[PDB]
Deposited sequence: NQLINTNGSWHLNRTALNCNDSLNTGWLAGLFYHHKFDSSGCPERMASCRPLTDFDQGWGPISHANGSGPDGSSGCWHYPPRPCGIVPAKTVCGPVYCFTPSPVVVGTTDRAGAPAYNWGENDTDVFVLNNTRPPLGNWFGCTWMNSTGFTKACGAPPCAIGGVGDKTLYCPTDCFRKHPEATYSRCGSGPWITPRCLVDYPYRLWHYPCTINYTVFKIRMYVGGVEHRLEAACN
């Protein structure tokens, strides 16, 4: 209920329909900025953040108390400020804005481990954190084949699945 559906297909290209009917994307062929406070009157669909493991995040009064509108109020936001999470919350986030663009955030880049420099769902080049809206945010990764992997973030053993070309 706390997901923000402010979607708007003003070019009639068909993306917003893909949110509801998956796997129908037409291939034919085909860094991140610091997280923060995003106006939910901008985001379309589930917002995800990656620990690297993925988790949906909800709307919120800037005071921090969760706000249960559907991005309706401008007093309704996604609070996303992150810290690299052995200790913190999540490496980075990704979502779709109102006119259909994939947006992402994360901690600042930089021996080049995910635990030290990871800024979202990207991990290594080619391998990407799989999640039930990957084909929607990163659609060109439809050929990517999805292996079971495990990673350690400063000692913690994590099980997840990575889509890779």
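Report the unmodelled segments of the deposited sequence as residue ranges counted from 1. Sequence ranges with no C-alpha atoms are 1-12, 43-79, 160-180.
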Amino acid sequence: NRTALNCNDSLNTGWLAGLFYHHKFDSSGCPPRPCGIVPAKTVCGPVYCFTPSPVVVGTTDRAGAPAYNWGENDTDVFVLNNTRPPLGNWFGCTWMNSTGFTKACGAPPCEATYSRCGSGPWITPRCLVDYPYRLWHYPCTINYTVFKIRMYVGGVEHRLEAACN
From here on, numbers count along this sequence of modelled residues.
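When the C-alpha temperature factors are averaged for each of 90-98 and 71-79, which stretch ends up with the higher value in the entry? Mean B over CA atoms: larger for 71-79.
Compare the mean C-alpha B-factor of 129-137 with that of 55-63 as given in the PDB entry, and name the stretch with the higher value. Comparing 129-137 with 55-63, the higher average CA B-factor belongs to 55-63.
Out of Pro34, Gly45, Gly29, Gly120, which one has a C-alpha B factor higher than all the others in the entry? In this record, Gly29 carries the highest C-alpha B-factor of the candidates.
Take the CA temperature factors straight from the PDB entry and tell me which of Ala17, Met151, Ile142, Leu11 peaks. Each of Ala17, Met151, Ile142, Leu11 was compared by C-alpha B-factor; the highest is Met151.
B-factor third for the C-alpha atom of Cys110 within its chain: Top third by C-alpha B-factor.
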